[PDB]
Amino acid sequence: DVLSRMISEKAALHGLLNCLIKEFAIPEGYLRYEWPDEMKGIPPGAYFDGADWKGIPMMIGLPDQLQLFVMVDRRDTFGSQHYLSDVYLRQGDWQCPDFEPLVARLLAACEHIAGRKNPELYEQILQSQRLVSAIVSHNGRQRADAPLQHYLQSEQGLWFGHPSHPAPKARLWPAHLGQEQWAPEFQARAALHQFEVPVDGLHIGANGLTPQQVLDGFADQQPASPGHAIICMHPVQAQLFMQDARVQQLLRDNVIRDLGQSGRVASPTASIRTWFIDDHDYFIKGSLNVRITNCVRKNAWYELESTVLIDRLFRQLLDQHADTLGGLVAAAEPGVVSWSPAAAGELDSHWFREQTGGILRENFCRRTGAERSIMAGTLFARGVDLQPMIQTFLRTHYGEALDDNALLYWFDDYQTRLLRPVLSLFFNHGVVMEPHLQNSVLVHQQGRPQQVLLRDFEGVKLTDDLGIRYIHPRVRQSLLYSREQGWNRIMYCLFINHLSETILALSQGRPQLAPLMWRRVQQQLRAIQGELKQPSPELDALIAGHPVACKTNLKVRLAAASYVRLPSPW
Amino acid sequence: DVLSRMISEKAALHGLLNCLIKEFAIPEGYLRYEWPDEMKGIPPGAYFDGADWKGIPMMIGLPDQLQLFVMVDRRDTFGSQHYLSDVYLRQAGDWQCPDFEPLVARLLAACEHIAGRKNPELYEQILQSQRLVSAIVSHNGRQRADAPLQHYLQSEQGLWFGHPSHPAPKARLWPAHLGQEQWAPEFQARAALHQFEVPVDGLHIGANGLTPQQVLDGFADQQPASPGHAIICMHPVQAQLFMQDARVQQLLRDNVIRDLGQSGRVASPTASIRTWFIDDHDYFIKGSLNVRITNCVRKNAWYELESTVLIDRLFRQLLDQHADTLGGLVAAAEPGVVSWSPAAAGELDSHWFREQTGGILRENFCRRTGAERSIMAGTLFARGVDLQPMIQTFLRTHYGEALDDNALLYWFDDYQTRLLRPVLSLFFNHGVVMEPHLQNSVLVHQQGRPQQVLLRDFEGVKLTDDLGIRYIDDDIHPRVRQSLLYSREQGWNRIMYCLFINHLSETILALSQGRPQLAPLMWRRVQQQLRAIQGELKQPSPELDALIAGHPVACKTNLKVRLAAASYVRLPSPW
Ligand SMILES: Nc1ncnc2c1ncn2[C@@H]1O[C@H](COP(=O)(O)O)[C@@H](O)[C@H]1O
Ligand SMILES: Nc1ncnc2c1ncn2[C@@H]1O[C@H](COP(=O)(O)O)[C@@H](O)[C@H]1O
């Protein structure tokens with residue numbers, strides 16, 4: 001309980017330091033691995049364990065006459081390391097300030113470096129940590145590695161959320177309407193909200209499903225009277241929707257009808273607005289007009305059309321270019337539904353469509369099996385005891401302690417399945433996936449990696465030189481990336497977001513494996529380069545040793561910023 | 001170096017904390033197992049590891065407004081626990097964690113307030129001892145941490161930290177100029193012993209089973225002596241002191257005695273400093289050392305030299321006729337004893353001459369036991385240069401694998417039985433009071449399985465008034481008998497302190513590191529063992545009954561007795 005608060009404060013803190021080190025200290029030059037010239041105020045027990053130093057001293061100089069001390073377990077160029085001491089600060093004698101005080105000062109430091117302040121961020125960092133405390137407390141009695149035993153529990157078990165983010169669990173629910181009833185981390189379940197709507201205003205996109213079968217995937221249609229159909233949305237989305245005067249106007253005129261929470265019974269997933277239904281053919285991905293992680297997460301009209309277009313393309317690449325796809329497994333997105341009143345104003349129509357918009361994703365579990373499939377973020381995350389959960393999950397599958405050569409063999413299998421499809425798609429066809437931890441699902445046979453399923457069509461882009469060569473101009477704009485923009489994304493998602501976290505969780509207690517795992521990534525890049533059918537200059541530079549693009553989560557909140565570069569592990 | 005220093009500050013702090021818990025806090029009721037009501041100043045990392053609390057909160061109210069906080073691994077009646085955090089202090093005021101010197105200063109001041117007396121000399125002795133430890137850890141810090149457990153001399157030499165419940169374990173007050181490294185077993189010191197040539201007519205020789213001449217050659221080669229003279233030998237620092245005296249100078253000028261410098265056997269001091277080991281020699285040499293080491297002056301008193309003879313005669317008789325009543329005792333013999341004084345000196349001068357020159361021979365048990373099968377207990381249960389209990393690695397090696405709970409309980413059981421039976425057998429059956437603390441004990445083991453617990457040191461053997469004193473022939477100097485004579489209760493306090501607080505408590509804390517739930521199981525095995533031994537005693541034991549039924553055990557002090565003008569306290573029973 002106090003324990004739960006204490007667990008949450010260390011987790012949040014570690015998230016905030018990842019950002020400081022990655023976004024600011026490494027790019028700008030503020031980090032050195034050295035001991036302070038004067039340790040006054042730091043207790044012996046923070047850096048001395050009885051026999052030796054607890055790892056390596058880390059110092060961060062900060063323009064404002066501010067210093068930061070922390071012990072770490074490794075040197076890493078991507079800023080991935082286990083922190084082995086509390087954080088200490090000096091302006092003067094060293095201090096160990098409380099959570100909030102520490103956040104306040106560190107954020108302040110980042111605001112000077114940035115030249116801008118953010119009124120809202122501070123309260124978001126604290127909100128996020130107070131949820132995590134509620135979460136740890138609620139979930140603290142289960143076996144620690146239980147999230148990795150079933151697909152759904154892994155969506156529900158990203159306790160700490162994104163691991164390089166200042167406010168991972170920021171969720172700004174409306175005037176009451178609840179928290180815990182909608183949180184995956186609380187095993188949230190609910191009947192989806194339903195409306196009955198005239199068919200003249202429906203928009204349906206579909207691939208190999210009839211417009212009727214697309215509706216059937218969202219709602220049982222039988223209660224619809226003729227000339228009508230049933231749409232569903234997040235109960236929170238439905239209450240905000242029934243708060244516009246344009247929806248009240250329509251409900252009073254009996255153009256649309258409210259059917260309450262009468263829909264399929266579903267569990268939301270780590271993305272909050274995508275719902276899972278055990279043994280149904282589809283996940284449901286709706287719009288939620290709510291600030292999740294600082295951002296309204298919505299299905300814009302042209303994205304509803306993106307999705308269809310993308311789905312059809314992956315199907316066409318598979319049927320004809322399977323062997324230049326590098327072993328690709330992806331969840332399809334076969335249908336898309338929205339509603340707007342007939343002969344509505346262009347602006348009204350945008351807003352109705354965006355509010356009611358929904359996508360169907362293939363429930364890959366029917367195909368992969370729900371007890372073989374783990375969201376990649378939960379796989380490489382830490383349990384309620386703050387240990388990386390991967391460690392014991394391998395232990396019970398392997399049948400004993402894993403030696404160095406079993407971690408390297410396992411890693412090799414894993415990273416091969418991530419890199420081969422991603423890099424095949426970008427250089428052979430100009431398709432840009434987004435393989436961060438939360439768009440990837442490992443499929444595994446008794447623990448041995450089989451495939452890494454990739455999802456999320458919102459995140460798929462097409463390059464102007466290649467991909468786009470496979471419709472409305474605004475949809476086109478949404479889909480299009482330059483070859484450079486796209487390569488930055490693939491650099492960040494694959495190496496910094498994903499495998500950097502993979503190697504860290506596998507290499508706990510054994511930091512010497514880290515460069516061994518990096519050399520092996522470098523050797524896998526080479527073998528895949530020779531397997532490509534098109535020019536790959538960008539991959540040559542990465543293989544050479546050139547800097548790697550990295551997306552930012554703190555910095556983008558301070559400036560009026562987007563990406564930095566970090567030196568390459570090889 | 002900086003790492004070595006920190007290892008020593010941690011080690012010394014822990015020893016001093018032991019004293020405070022054992023001699024003030026627990027007996028006077030200043031101790032509670034309880035979180036502060038306010039944590040400000042203490043960092044999260046000091047009590048929280050990421051998942052759970054690093055053990056149990058320990059807290060001490062010190063009458064002078066001062067309070068103390070330290071995380072410990074267990075609750076213990078004797079003050080035996082592993083400390084799992086730095087030490088924190090607060091007045092009236094946030095918590096803080098002072099450096100070693102201030103931390104020692106404020107702890108000292110608090111114990112002094114209780115006592116009403118200050119001892120700044122003990123303060124300097126605390127700092128001085130920590131510094132020698134700093135040097136010791138740095139000199140030895142590269143050998144394998146359990147190397148001191150592989151050979152007998154090594155075991156005498158690798159008591160890196162000394163007495164673990166003492167505020168100044170390594171403090172040794174030689175004249176400032178004679179150095180520390182040259183005489184320290186922790187620096188693998190060796191030396192030729194210092195010799196004088198002396199006329200035979202002032203020798204006072206005690207021998208059991210040996211001729212006078214064999215006793216002499218036990219200390220030195222008598223070959224360089226001229227007719228009617230012998231060669232006695234001596235700690236070279238003691239010869240420095242012995243030669244200060246005007247009486248000695250006067251013999252030197254008159255050529256009655258000659259100074260032969262350091263020309264005797266090269267030998268290696270052992271943990272008691274004044275007792276030398278020679279590899280493959282029949283005997284240890286135990287000399288006087290008129291220097292303050294730890295809590296006493298290490299002279300063989302003139303009357304202790306007479307009594308050694310009688311206790312050795314006595315032990316031989318017991319071991320020979322009364323075997324069945326001795327509980328399996330193994331004890332190092334002390335068969336010869338030499339000293340010199342001028343034949344025409346009076347009592348006072350003769351007594352003083354005899355204490356400067358006093359020598360005791362003790363049997364090199366390693367001739368029976370084997371050098372590689374023998375370990376001083378003190379070290380056996382001590383921390384290596386890494387601050388880990390050396391017995392852990394010692395046992396895992398000899399057992400091939402990691403020892404499970406049972407394995408440790410079994411090993412403990414074979415150990416305490418062989419320590420307890422002899423000691424209690426000697427005290428109840430015969431009234432012979434031994435002093436079985438960690439340094440008066442050697443474990444004879446076979447591939448790590450404990451075989452004998454040999455016991456040593458006749459200087460502190462006493463005989464009870466009701467029983468033990470019966471063994472001595474009533475034509476003995478009154479002073480020699482006064483020295484041997486304990487009351488039954490004086491006798492019982494000592495044994496209780498040595499057996500259970502000094503010894504097994506340490507055995508148990510070492511064996512049971514990282515597994516504190518074995519301590520009560522182990523104290524229970526101890527208790528069943530007392531009941532067993534009792535039904536085997538030939539005489540009554542109303543004190544053993546009191547102990548079994550959970551009455552408080554007697555505890556010797558090492559800080560309190562240094563502050564008082566009080567030598568003992570009572571601690572509550574483990575069971
Ligand atoms: N390692 C991760 N990388 C990216 N997003 C993550 C990660 N872990 C959790 N998430 C969350 O998953 C959601 C993805 O949202 P989006 O990418 O906008 O569809 C965001 O709320 C993220 O905060
Ligand atoms: N645990 C211990 N108990 C008693 N003496 C010890 C202990 N550890 C080290 N020693 C040293 O062993 C020597 C024995 O002294 P004595 O009591 O005269 O035999 C003293 O110098 C002590 O400092």
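Order of appearance sets the numbers: ligands from 1, and atoms from 1 within every ligand. Proteins come first, then strands; the chains are lettered A, B, ... in the order of their sequence lines, and each starts at number 1.
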Kindly assign one of parallel, tilted or perpendicular to the pair A/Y414 and A/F380, based on the angle between their ring planes and the thresholds 30° and 60°.
perpendicular

Can you find a side-chain donor-acceptor pair between A/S500 and A/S80 that sits under 3.5 Å?
yes

Should B/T294 be counted as touching ligand 2, given the test is an N or O pair under 3.5 Å?
yes

For atom 13 (C) of ligand 1, what's the nearest protein heavy atom and its distance?
A/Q438 CD, 4.3 Å

Out of B/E435, B/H437, B/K556, B/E506, who is nearest to atom 4 (C) of ligand 2 when you count heavy atoms only?
B/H437

Answer yes or no: are there more than 12 heavy-atom neighbours, outside A/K551 itself, under 6.0 Å from its atom NZ?
no

Closer than 4.0 Å to some heavy atom of A/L158 - which atoms of ligand 1 meet that?
8 (N), 9 (C)

Run the contact test for A/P168 against ligand 1 with a 4.0 Å cut-off on heavy atoms, strictly below, and give the result.
no

Candidates B/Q128, B/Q180, B/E186 - the one meeting side-chain hydrogen bond (donor to acceptor under 3.5 Å, both in side chains) with B/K170
B/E186

Short N-O contact, A/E333 and A/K285, less than 4.0 angstrom:
no

At under 4.0 Å between heavy atoms, what of B/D457 touches ligand 2? The answer is side chain

To which protein heavy atom is atom 3 (N) of ligand 2 closest, and what is the distance rounded to 0.1 Å?
B/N502 ND2, 3.1 Å

From atom 6 (C) of ligand 1, is the closest protein heavy-atom distance below 4.0 Å?
yes

With a 4.0 Å cut-off, would you call A/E120 and A/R291 a salt bridge?
yes

Interfacing atoms of ligand 2 (cut-off 4.0 Å, heavy-atom, B/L438)
1 (N)

Taking only heavy atoms of A/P163, which atoms of ligand 1 are found under 4.0 Å from at least one of them?
1 (N)

Atom 9 (C) of ligand 2 [closest protein heavy-atom partner, distance rounded to 0.1 Å]:
B/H163 N, 3.5 Å

Could you tell me whether the side chain of A/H234 reaches within less than 4.5 Å of the side chain of A/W275, counting heavy atoms only?
yes

Can you say whether the rings of A/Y563 and A/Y492 are parallel (under 30°), tilted (30 to 60°) or perpendicular (over 60°)?
perpendicular

Distance under 4.0 Å to a non-hydrogen atom of A/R297: what atoms of ligand 1 satisfy this?
15 (O), 16 (P), 18 (O)

Is any side-chain N of the basic residue among A/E155 and A/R455 closer than 4.0 Å to the acidic one's carboxylate O?
yes

Heavy-atom distances under 4.0 Å decide this one: backbone, side chain, both or neither, for B/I273 against ligand 2?
neither

